[PDB]
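Reading through the structure tokens given below for one structure.
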Amino acid sequence: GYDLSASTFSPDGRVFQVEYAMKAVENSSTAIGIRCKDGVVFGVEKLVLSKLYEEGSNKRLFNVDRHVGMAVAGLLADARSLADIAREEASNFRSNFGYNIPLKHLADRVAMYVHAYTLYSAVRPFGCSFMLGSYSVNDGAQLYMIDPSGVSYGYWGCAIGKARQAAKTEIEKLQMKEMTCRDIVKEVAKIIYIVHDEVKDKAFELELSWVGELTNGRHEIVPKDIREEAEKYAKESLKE
Amino acid sequence: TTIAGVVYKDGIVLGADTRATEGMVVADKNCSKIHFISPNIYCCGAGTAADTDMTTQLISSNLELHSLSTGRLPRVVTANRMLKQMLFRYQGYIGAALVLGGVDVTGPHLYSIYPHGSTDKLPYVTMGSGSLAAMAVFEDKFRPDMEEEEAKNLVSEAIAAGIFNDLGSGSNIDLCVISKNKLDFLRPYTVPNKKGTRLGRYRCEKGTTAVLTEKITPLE
Amino acid sequence: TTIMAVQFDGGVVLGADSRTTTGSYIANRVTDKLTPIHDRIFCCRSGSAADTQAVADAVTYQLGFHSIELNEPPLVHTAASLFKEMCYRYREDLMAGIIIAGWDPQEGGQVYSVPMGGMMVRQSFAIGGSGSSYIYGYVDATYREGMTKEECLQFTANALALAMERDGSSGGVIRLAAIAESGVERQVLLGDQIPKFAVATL
Amino acid sequence: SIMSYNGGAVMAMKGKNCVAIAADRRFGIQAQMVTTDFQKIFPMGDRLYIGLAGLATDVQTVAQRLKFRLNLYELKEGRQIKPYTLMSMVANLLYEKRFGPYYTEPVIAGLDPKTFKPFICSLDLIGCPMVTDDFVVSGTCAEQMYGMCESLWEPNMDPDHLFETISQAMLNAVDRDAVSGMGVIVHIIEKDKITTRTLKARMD
Amino acid sequence: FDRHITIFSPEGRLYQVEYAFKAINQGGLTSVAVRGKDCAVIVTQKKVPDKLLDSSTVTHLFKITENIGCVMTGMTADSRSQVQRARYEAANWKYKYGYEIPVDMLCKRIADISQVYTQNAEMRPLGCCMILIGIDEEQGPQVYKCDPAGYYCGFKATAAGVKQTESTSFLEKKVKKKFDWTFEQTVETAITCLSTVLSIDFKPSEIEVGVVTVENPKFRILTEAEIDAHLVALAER
Amino acid sequence: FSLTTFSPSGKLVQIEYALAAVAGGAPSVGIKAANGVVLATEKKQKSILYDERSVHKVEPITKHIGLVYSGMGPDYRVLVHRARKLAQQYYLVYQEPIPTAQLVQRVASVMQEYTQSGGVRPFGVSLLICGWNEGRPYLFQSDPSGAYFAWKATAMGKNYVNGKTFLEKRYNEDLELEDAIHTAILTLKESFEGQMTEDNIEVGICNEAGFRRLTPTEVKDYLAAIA
């Protein structure tokens, strides 16, 4: 048929494997990212399938450099691989040019590595979308998302996974261009708690990360005293 | 060897001698040291003759391959960048020292290229063994924005200075004049040296040479 | 060869002689040892002409590709780092002394020297070549932080004139260049414009 | 030196509508003669010959590798080769070893097989041709043969005189070179006949 | 069958290469390019569906060199690859030959690259069209287009996208009268074509315009404050 | 489907189908007069927007060799480059301009390289190669199979049979380069679905002076049934 290879077109110019690889992202848990006035904040709806797994397993927030973070949704092995590629890109950039890679450039370099898998018969496309986020004094805050096809666009707010629609419908309410990171944390946790469905799947963990002035261009996991102070606000705003 | 070039008001004039040595002995008398690169670009060559021949031939073929895809007239910067990029890759083992000159849409250009890949674009350049005698004339008699015949006289004087004061140069002066609307390759231009007329005769008549064996082999 | 670079607040100043020798014969007396890598980044060239010309061409290629695909003007540190990688990866095959001077919006006027072995270090004034030995004292006794463009041009011309007067492999013409946000000015000093100093008679 | 390890001498000389070529017949190591019927002139077609002086290994190797290319050429082509083109073939064959050079300095002599105008050429060991119109030499006695051909050569020469000229040059040259001689052989080639002679020479 | 792999059919046709012309229309956008006596213009529409996207990143105009500009139409990821290859080729041209690549030559280099994908079964063709513009020394302004199959040609005007036939009808109807071509007439013609075939009453936010002229050969992408100046003049007459 | 496969009849089917792509391209004429060779073809555009002074169906390989084709232009631009390289290789070795037959051999070798591997399709072009070597004109016809034919006159592309019978009934020797151009244009006028203008065709001739693509002025001159 016309839907068995990525080297194949259909009579209307469609490549169905690349779309089927997006269908795999649609069936994964939800991650969001919001660009603030002075940083970026990532949030992930981390599902715990069994109580035998430790708290900290299947981390879906990755540090790709000391100023760049990465959140993924889809197949997780594919995401770990793409993280390993995003790391050697930034490594070789510093090795050859002597400074931290920008994110518009890293996004392009990873997008092309992802697009190369949409052309051949010996490989499948990647089964993961993902967001990158950085902050610099010169380049400012930045948030890009990359799809399996190899597309890359900038954002003020974005979501990937099951509850993409439901989450962007809440993110557009935010006036993110006015706010700081500690105030957008509350909103990120509130959205993740709004879109999570306890009947469709079991209990979950909230996973957050930051980059901005308050970390000095260092991508960090959020401390516990703030993550709990936001999870509480999420519970108290569910009275609606 | 002795080669030279100038840039006058309208175009380029090149010059060269014709002697070629293998040691302190003269092998050739009417050599041709000015080589075709394009209908608007010619090159003079010193150093190891085979290296210059093959290098000029290769760049000529590559430019006849480039101009035929583009459909345009070639440029001198392209030839220079080919030559220097190759000679730098061979790290000097190709003993091709050159004087390249032509005329394109941007105007007349003249270059000197050394076998390690260094280049100099100048209004007058000399090269070979009689370089110093040629430049002794250029420094004393050169002027900007000269006419065709003044430039030709200057180059002939330079090559003659290299001839009559260097041992590796002699036996003729060739030139090439290049302009936007003309090209004149002058082989020979002056003949300042002529062998002496011989007085006696040594023509050997049939029989003075002894033979042991003979064979004939007809053909058609 | 005698090359020199200085930074002031707005930007940088560069300078160079015009001589290219082959032993003791002067093959080119009007050489241009200043080289535009980009619109506001220059190279002052010392050492083997072949090696350094090739390195300059290659770095120009690299930085053009980089700057177009970023769509912002490149840094001086970037060009200096490319020079460093090429001069260090091929230090056993190159004889190349480089000074990189230019202007960048992030950090402004900058000067980077890249000697033969391929180390890199930022400087306020950098001197290189074969005549720098004869002016290492003058430039230390005369430099002062807070100089404007014209005072730096004067300094760079006075130093190169001395280095050319004493060094046999340096002479001819002082080619200057000043770089800043506005653009790139270029001068050529020759004849009486080159500074003259007292030569003792007793 | 290198090429003086085996010795040799080759000459070519034109006439009016004819051409000649000559060589010595000695094979020997440094200072010992082994054989007196050594081939150094090789036919490359009718009305076209080539001669080789230098290191005998390279003589045979170049001749065989050139006959290889020539046979393939004139098989693919449907024509015998012109001398101008054999010159370039040899130049390419030798410049392919620009850093592993064959130690030969060939000499070519022939007639174009349509208009039959003579041709003579010389090459170095890395393939720079030299198309003179009087005479060419290569070997260990090059100066001695230059001195004879400069004085004896005349512009227009019928074969009966060309033979005498190219013989009296070779004999009196190799009679002053220690590692060249023990016989001299001459080929005269015209439109209608190729004549071949061995000469009365000293064997010391 | 004769439609899955790049083989020949009994009627001598390549259907996988024809199906790559259909991918150009999946993005759902239309590009237009017009040539003048001293100018050359490219035009396309800028459709953001979300307010969460940064409009600065959503573009289909690209700078290949300082003097050459492009507009890409088709699948968005293929276009970035073709654009990066165009940039690499333009840079290596100048490294090798010492002068800037023309449009006539860059176009056919991209076409030569694209034809190998039709003759070798390694890689898929790219579902993207490409229109370039640039000012030549003697020839003047140039407008060149290349295809997924490796076809290329110069144009006075052309389009790429869904509304391409109904754009080339407008354009061939306007070109025959041969008015005094100018910068303003050129941009007005392009915008009127894109307005007629789409019937949308453009804003300055819904299009992006790149231009190149003999006065200033540097490609420059226009601002919303400069597209409005040309848009207002249309409503007048 | 596959190219490294014979049929029981003993036929190569993908080659036969590559020739079907030649049989559907624009017509191309070839005539070998006594003192020259003519090459003419249909260069017609789908709109007034296409600039016809930018691409050429008649291209030179050397000073004395030239080409036309019928079929696919992308495939043509590869063989043009290959022929131009092979001519320069020949010159680099022998320092003589390549004969017109050796180029045809070495180019049919390239066309044959693309007939023996899997994962490659043959070329969808046939060529007509004109030359002037050794005081004689030449005209050949290379095919995707790797086979060439020397012709005195022929036609390729759409209506290549009636266009050839026209030559069989309207061509002889004792011609010259100007009586043959009229015959070539008359042989193209059979299939011209419209008014023949100077810009709808493209002509190239070879002779003692070498190959040259004529200009639109020279085309408009003889388009009046003149000479």
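Residue names in the structure tokens use chain letters A, B, ... in the order shown, residue numbers from 1 in each chain, and ligand numbers from 1 in the order shown.
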
**OP:** Excluding residue 1 of chain A and any residue of its chain fewer than 6 positions from it, enumerate the residues within 10 Å of it, using only C-alpha atoms, and give them as number ranges by chain.
**Re:** A: 8, 10; E: 4

Subject >> Contacts of residue 171 of chain A within 9 Å, only C-alpha atoms, excl. fewer than 5 positions in-chain, as a PyMOL selection string >> reply: (chain A and resi 34+157-158+166+176+187-188+191) or (chain E and resi 52)

**OP:** For segment 107-110 of chain C, list every protein, DNA or RNA residue within 6 Å, evaluated using only C-alpha atoms, and leave out those in the same chain fewer than 6 positions away; present the list as a ChimeraX atom specification.
**Re:** /C:7,11-12,101

Original post:
Using only C-alpha atoms, which chain B residues lie at most 9 Å away from chain E, written as a PyMOL selection string?
Top reply: chain B and resi 69-70+75+77-82+85

Please dump the current selection as a PDB file, in the first residue's frame; keep N, CA and C atoms.
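Heads up, here's the output in part.pdb:
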```
ATOM      1  N   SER B  69      29.039  25.975 -18.721  1.00  0.00           N
ATOM      2  CA  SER B  69      27.833  25.900 -17.908  1.00  0.00           C
ATOM      3  C   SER B  69      27.256  27.287 -17.661  1.00  0.00           C
ATOM      4  N   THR B  70      28.099  28.235 -17.244  1.00  0.00           N
ATOM      5  CA  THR B  70      27.607  29.584 -16.982  1.00  0.00           C
ATOM      6  C   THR B  70      27.133  30.260 -18.260  1.00  0.00           C
ATOM      7  N   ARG B  75      36.546  34.929 -15.344  1.00  0.00           N
ATOM      8  CA  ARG B  75      37.216  35.974 -14.592  1.00  0.00           C
ATOM      9  C   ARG B  75      38.592  35.488 -14.155  1.00  0.00           C
ATOM     10  N   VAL B  77      39.992  36.171 -11.124  1.00  0.00           N
ATOM     11  CA  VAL B  77      39.918  35.740  -9.733  1.00  0.00           C
ATOM     12  C   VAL B  77      39.650  34.245  -9.646  1.00  0.00           C
ATOM     13  N   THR B  78      38.841  33.706 -10.561  1.00  0.00           N
ATOM     14  CA  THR B  78      38.537  32.281 -10.544  1.00  0.00           C
ATOM     15  C   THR B  78      39.775  31.443 -10.831  1.00  0.00           C
ATOM     16  N   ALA B  79      40.529  31.803 -11.870  1.00  0.00           N
ATOM     17  CA  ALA B  79      41.768  31.103 -12.180  1.00  0.00           C
ATOM     18  C   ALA B  79      42.762  31.202 -11.032  1.00  0.00           C
ATOM     19  N   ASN B  80      42.919  32.401 -10.465  1.00  0.00           N
ATOM     20  CA  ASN B  80      43.818  32.590  -9.332  1.00  0.00           C
ATOM     21  C   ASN B  80      43.435  31.691  -8.162  1.00  0.00           C
ATOM     22  N   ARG B  81      42.143  31.641  -7.831  1.00  0.00           N
ATOM     23  CA  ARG B  81      41.687  30.850  -6.698  1.00  0.00           C
ATOM     24  C   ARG B  81      41.812  29.355  -6.949  1.00  0.00           C
ATOM     25  N   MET B  82      41.655  28.907  -8.194  1.00  0.00           N
ATOM     26  CA  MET B  82      41.946  27.514  -8.522  1.00  0.00           C
ATOM     27  C   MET B  82      43.424  27.199  -8.324  1.00  0.00           C
ATOM     28  N   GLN B  85      44.752  27.399  -4.676  1.00  0.00           N
ATOM     29  CA  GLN B  85      44.187  26.326  -3.868  1.00  0.00           C
ATOM     30  C   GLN B  85      44.835  24.983  -4.169  1.00  0.00           C
TER      31      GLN B  85
END
```

Residues near residue 9 of chain A, cut-off 8 Å, only C-alpha atoms, skip fewer than 4 positions along chain, as a PDB file with C-alpha atoms, in the first residue's frame:
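Contents of part.pdb, freshly written:
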```
ATOM      1  CA  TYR A   2       0.819   3.710   0.030  1.00  0.00           C
ATOM      2  CA  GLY A  13       1.169  14.147  -1.909  1.00  0.00           C
ATOM      3  CA  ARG A  14       0.849  12.780   1.633  1.00  0.00           C
ATOM      4  CA  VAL A  15       3.305  10.671   3.634  1.00  0.00           C
TER       5      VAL A  15
ATOM      6  CA  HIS E   4       5.128   2.876  -5.828  1.00  0.00           C
ATOM      7  CA  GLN E  16       6.088   9.100  -7.738  1.00  0.00           C
ATOM      8  CA  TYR E  19       2.864  12.853  -6.698  1.00  0.00           C
ATOM      9  CA  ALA E  20       5.601  15.100  -5.266  1.00  0.00           C
TER      10      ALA E  20
END
```

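The space separating atom CA of residue 139 of chain E from atom CA of residue 40 of chain B comes to 20.5 Å.
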
Original post:
Given a cut-off of 9 Å, which residues of chain D touch chain F, counting only C-alpha atoms, written out as JSON, numbers by chain?
Top reply: {"D": [76, 77, 84, 85, 86, 87, 88, 89, 91, 92]}

**OP:** Considering only C-alpha atoms, return as a PyMOL selection string whatever protein or nucleic-acid residues lie within 9 Å of residue 162 of chain F, sequence-local ones (same chain, fewer than 4 positions apart) excluded.
**Re:** chain F and resi 166-167+190

Subject >> Neighbour list for residue 152 of chain B as a PyMOL selection string, cut-off 10 Å, only C-alpha atoms, skip fewer than 6 positions in-chain >> reply: chain B and resi 5-6+8+12-15+146+158+175-177+189

Go through chain F residue by residue and, counting only C-alpha atoms, keep those with an atom at most 8 Å from chain E; for each kept residue give the shortest atom pair and its distance in Å to one decimal, ordered by chain and increasing number, as CSV.
```
residue,atom,partner,partner_atom,distance
F:1,CA,E:7,CA,7.0
F:14,CA,E:8,CA,6.3
F:17,CA,E:10,CA,5.3
F:18,CA,E:12,CA,5.8
F:19,CA,E:12,CA,7.4
F:20,CA,E:12,CA,4.9
F:21,CA,E:12,CA,4.2
F:22,CA,E:12,CA,7.9
F:24,CA,E:12,CA,8.0
F:47,CA,E:172,CA,7.3
F:48,CA,E:172,CA,6.4
F:49,CA,E:156,CA,5.2
F:50,CA,E:155,CA,4.7
F:51,CA,E:155,CA,5.1
F:52,CA,E:154,CA,7.7
F:54,CA,E:154,CA,5.9
F:55,CA,E:153,CA,6.5
F:73,CA,E:151,CA,7.1
F:74,CA,E:150,CA,5.5
F:75,CA,E:115,CA,7.7
F:77,CA,E:112,CA,7.8
F:78,CA,E:112,CA,7.8
F:119,CA,E:121,CA,5.2
F:120,CA,E:120,CA,5.1
F:121,CA,E:119,CA,5.8
F:122,CA,E:119,CA,7.9
F:124,CA,E:12,CA,8.0
```

Kindly export the residues of the current selection with C-alpha atoms, as a compact mmCIF listing (two decimals), in the first residue's frame.
```txt
# COMPACT_ATOMS: atom_id res chain seq x y z
CA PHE F 1 9.26 -4.00 -13.27
CA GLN F 14 12.14 -1.09 -18.68
CA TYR F 17 9.45 1.86 -21.53
CA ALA F 18 12.30 4.38 -21.31
CA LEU F 19 12.16 4.66 -25.09
CA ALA F 20 8.44 5.44 -24.72
CA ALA F 21 9.47 8.56 -22.79
CA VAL F 22 11.67 9.57 -25.74
CA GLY F 24 6.66 11.51 -26.30
CA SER F 47 2.73 30.73 -21.27
CA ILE F 48 4.05 34.17 -22.18
CA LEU F 49 5.72 34.30 -18.75
CA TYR F 50 8.47 31.76 -19.44
CA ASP F 51 11.70 33.52 -20.41
CA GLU F 52 13.01 31.55 -23.38
CA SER F 54 17.40 31.17 -20.08
CA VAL F 55 17.35 27.47 -21.03
CA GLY F 73 15.55 17.85 -19.75
CA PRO F 74 16.68 16.92 -16.24
CA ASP F 75 18.17 13.75 -17.73
CA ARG F 77 21.57 18.14 -18.17
CA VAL F 78 23.45 15.16 -16.72
CA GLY F 119 17.92 0.92 -7.79
CA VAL F 120 18.55 3.03 -10.91
CA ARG F 121 16.30 3.83 -13.86
CA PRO F 122 17.67 4.41 -17.38
CA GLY F 124 14.49 9.06 -20.61
```

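Going from atom CA of residue 16 of chain A to atom CA of residue 33 of chain A covers 28.0 Å.
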
Original post:
chain C residues within 7 Å of chain A, counting only C-alpha atoms: which ones, as a PyMOL selection string?
Top reply: chain C and resi 70+78+81-82

**OP:** Compute the chain B side of the contact with chain F at 9 Å, counting only C-alpha atoms, and hand it back as a PyMOL selection string.
**Re:** chain B and resi 54+57-58+61-62+64-65+68-69

Original post:
If we count only C-alpha atoms, what is near residue 154 of chain D at a cut-off of 12 Å, once residues fewer than 6 positions away on the same chain are taken out, given as JSON, numbers by chain?
Top reply: {"B": [198, 201, 202, 203, 204], "D": [13, 14, 15, 16, 133, 134, 135, 148, 161, 162, 164, 165, 166]}

Output file for the residues above (N, CA, C and O atoms, as a short mmCIF file (atom, residue, chain, number, x, y, z; two decimals), in the first residue's frame):
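Contents of the output file out-v1.cif:
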```cif
data_model
loop_
_atom_site.label_atom_id
_atom_site.label_comp_id
_atom_site.auth_asym_id
_atom_site.auth_seq_id
_atom_site.Cartn_x
_atom_site.Cartn_y
_atom_site.Cartn_z
N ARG B 198 78.15 30.56 -40.76
CA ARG B 198 79.30 29.67 -40.73
C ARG B 198 80.12 29.81 -42.00
O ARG B 198 79.58 29.97 -43.10
N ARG B 201 82.48 24.49 -44.59
CA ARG B 201 81.44 23.52 -44.87
C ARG B 201 81.96 22.13 -44.55
O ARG B 201 83.12 21.82 -44.83
N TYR B 202 81.10 21.30 -43.97
CA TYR B 202 81.45 19.97 -43.50
C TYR B 202 80.45 18.93 -44.00
O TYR B 202 80.27 17.89 -43.37
N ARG B 203 79.80 19.21 -45.12
CA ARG B 203 78.82 18.30 -45.71
C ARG B 203 79.51 17.00 -46.10
O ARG B 203 80.41 16.99 -46.95
N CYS B 204 79.09 15.91 -45.48
CA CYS B 204 79.67 14.60 -45.75
C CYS B 204 79.01 13.99 -46.98
O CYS B 204 77.78 13.90 -47.04
N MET D 13 66.99 13.39 -36.31
CA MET D 13 67.37 14.45 -37.22
C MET D 13 66.43 14.42 -38.41
O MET D 13 66.16 13.34 -38.95
N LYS D 14 65.93 15.59 -38.82
CA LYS D 14 65.03 15.68 -39.96
C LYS D 14 65.78 16.01 -41.24
O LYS D 14 66.93 16.46 -41.23
N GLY D 15 65.09 15.78 -42.36
CA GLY D 15 65.54 16.19 -43.67
C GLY D 15 64.53 17.11 -44.32
O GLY D 15 64.15 18.13 -43.74
N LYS D 16 64.07 16.75 -45.52
CA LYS D 16 63.10 17.54 -46.28
C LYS D 16 61.71 16.93 -46.22
O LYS D 16 60.76 17.59 -45.79
N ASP D 133 62.91 21.71 -34.70
CA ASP D 133 62.85 21.53 -36.14
C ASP D 133 64.20 21.19 -36.76
O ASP D 133 64.28 21.09 -37.99
N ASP D 134 65.24 20.99 -35.94
CA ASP D 134 66.57 20.65 -36.43
C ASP D 134 67.02 19.27 -35.96
O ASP D 134 67.34 18.42 -36.79
N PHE D 135 67.03 19.02 -34.65
CA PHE D 135 67.57 17.78 -34.10
C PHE D 135 67.29 17.74 -32.61
O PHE D 135 67.09 18.78 -31.98
N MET D 148 78.11 18.36 -32.36
CA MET D 148 78.22 17.86 -33.72
C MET D 148 77.03 18.27 -34.58
O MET D 148 77.22 18.69 -35.72
N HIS D 161 72.48 12.18 -47.63
CA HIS D 161 73.27 13.09 -46.81
C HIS D 161 72.85 13.09 -45.35
O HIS D 161 73.71 13.23 -44.47
N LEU D 162 71.55 12.94 -45.09
CA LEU D 162 71.06 12.85 -43.72
C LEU D 162 71.66 11.66 -42.99
O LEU D 162 72.01 11.77 -41.80
N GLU D 164 74.63 10.24 -43.60
CA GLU D 164 76.01 10.60 -43.30
C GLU D 164 76.10 11.54 -42.11
O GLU D 164 76.97 11.37 -41.25
N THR D 165 75.21 12.53 -42.04
CA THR D 165 75.24 13.50 -40.95
C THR D 165 74.97 12.82 -39.60
O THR D 165 75.77 12.94 -38.66
N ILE D 166 73.84 12.12 -39.50
CA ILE D 166 73.47 11.48 -38.25
C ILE D 166 74.39 10.33 -37.87
O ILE D 166 74.41 9.92 -36.71
#
```

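Between atom CA of residue 191 of chain B and atom CA of residue 173 of chain B the separation is 6.7 Å.
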